Amino acid sequence: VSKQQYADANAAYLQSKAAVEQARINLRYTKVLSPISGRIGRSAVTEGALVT
Amino acid sequence: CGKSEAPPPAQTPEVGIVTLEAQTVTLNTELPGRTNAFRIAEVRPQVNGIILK
């Protein structure tokens with residue numbers, strides 16, 4: 001196989017590898033993590049509520 | 001024909017006396033506030049359109 005075909009095949013592979021990370025960070029947003037350490041107040045919103 | 005009615009000195013009675021002693025007791029405070037649900041969900045539509053049923 002030519003070097004150009006390996007080049008753009010590797011390019012498309014890295015492109016899909018970036019897209020799956022773009023999906024994985026959105027999965028990481030659905031479990032909201034504490035950005036810092038410390039005390040937390042009471043939850044102003046509760047279960048069953050819609051957030052945007 | 002006079003010089004009588006010698007006033008008797010008072011004995012000063014009827015003092016109901018309670019003695020005091022050390023006694024442990026717990027303390028309490030009343031605070032005002034409101035009641036809140038354990039979980040409340042207001043339903044909000046996640047799509048667009050008119051209600052049918």
# chains A, B, ... in the order shown; residues from 1 in each chain; ligands from 1
call {"tool": "closest_atom_pairs", "arguments": {"of": "chain A", "to": "chain B", "cutoff": "10 Å", "atoms": "only C-alpha atoms", "output": "JSON lines"}}
result
{"residue": "A:45", "atom": "CA", "partner": "B:40", "partner_atom": "CA", "distance": 8.7}
{"residue": "A:46", "atom": "CA", "partner": "B:39", "partner_atom": "CA", "distance": 6.0}
{"residue": "A:47", "atom": "CA", "partner": "B:39", "partner_atom": "CA", "distance": 6.4}
{"residue": "A:48", "atom": "CA", "partner": "B:41", "partner_atom": "CA", "distance": 5.3}
{"residue": "A:49", "atom": "CA", "partner": "B:41", "partner_atom": "CA", "distance": 5.1}
{"residue": "A:50", "atom": "CA", "partner": "B:44", "partner_atom": "CA", "distance": 6.8}
{"residue": "A:51", "atom": "CA", "partner": "B:44", "partner_atom": "CA", "distance": 9.6}
{"residue": "A:52", "atom": "CA", "partner": "B:46", "partner_atom": "CA", "distance": 9.9}
